[PDB]
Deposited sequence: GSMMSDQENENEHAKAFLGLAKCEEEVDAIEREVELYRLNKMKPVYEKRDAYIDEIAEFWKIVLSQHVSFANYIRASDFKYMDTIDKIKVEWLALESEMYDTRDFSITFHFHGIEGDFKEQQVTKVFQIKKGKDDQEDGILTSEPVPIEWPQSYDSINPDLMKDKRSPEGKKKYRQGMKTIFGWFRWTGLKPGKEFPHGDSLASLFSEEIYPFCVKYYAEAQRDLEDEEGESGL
């Protein structure tokens, strides 16, 4: 037709994009209190997270076999959507907090929060401190004296492939960090945390 129509169709599209974010915010606002109440019940189920993480179909493929003993110490996982804090954040942005009860003589009891947010878009993050297990001293990047050597590079990559390497993932150095750090982050915010109860129930039906 003419231009006058193409214009109306232009403003309509912008009204649609605005509606979509309003809808996402609407959902986030409604779900926040339900998660709080749900997580209160979860905090009363020992090894809830260990069971959920084992039931997930692909979680295990992201971390090293040896990491599981440390993952088993997770007492709580909490995901919070940042768009609820400010419209300056994408509705896909979230922080994830882990509480590890630790292992005497090997892994420190600690709480760690990592923040994921969209840039220019793709998920990105900043490194967050976490006390690696003593067992990992030889593959720990901050204790790694020899990274250059062909034997050092091997150990370096090994450490970077552990869940602890994921905590320093940023998404800004393609191929240089923990592999698929963004996919793992999305796994937590879109599948593991939202549907943990469904996974747990499934593990129950299996006696």
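Residues of the deposited sequence lacking C-alpha coordinates, numbered from 1, fall in the stretches 1-11, 132-138, 226-234.
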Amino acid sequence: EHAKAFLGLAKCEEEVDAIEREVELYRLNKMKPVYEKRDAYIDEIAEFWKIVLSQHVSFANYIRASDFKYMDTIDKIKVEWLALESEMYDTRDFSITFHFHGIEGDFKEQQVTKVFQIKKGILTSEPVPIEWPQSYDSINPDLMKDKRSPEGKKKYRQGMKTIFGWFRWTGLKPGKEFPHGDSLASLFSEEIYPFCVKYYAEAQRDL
From here on, numbers count along this sequence of modelled residues.
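Of the two stretches examined, 92-100 and 131-139, the record assigns the greater average C-alpha temperature factor to 131-139. For the pair 148-156 and 168-176, the mean B factor over Cα atoms is greater in 148-156. Highest C-alpha temperature factor among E36, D67, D182, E44 per the entry: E44. Looking at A10, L187, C196, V23, the one whose CA carries the top B-factor in the deposited record is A10. In the deposited entry, the Cα temperature factor of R27 places it in the lowest third of its chain's modelled residues.
Ranked against the other modelled residues of its chain, the C-alpha B-factor of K108 as given in the entry falls in the middle third.
In the PDB entry, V52 places in the middle third of its chain by CA B-factor.
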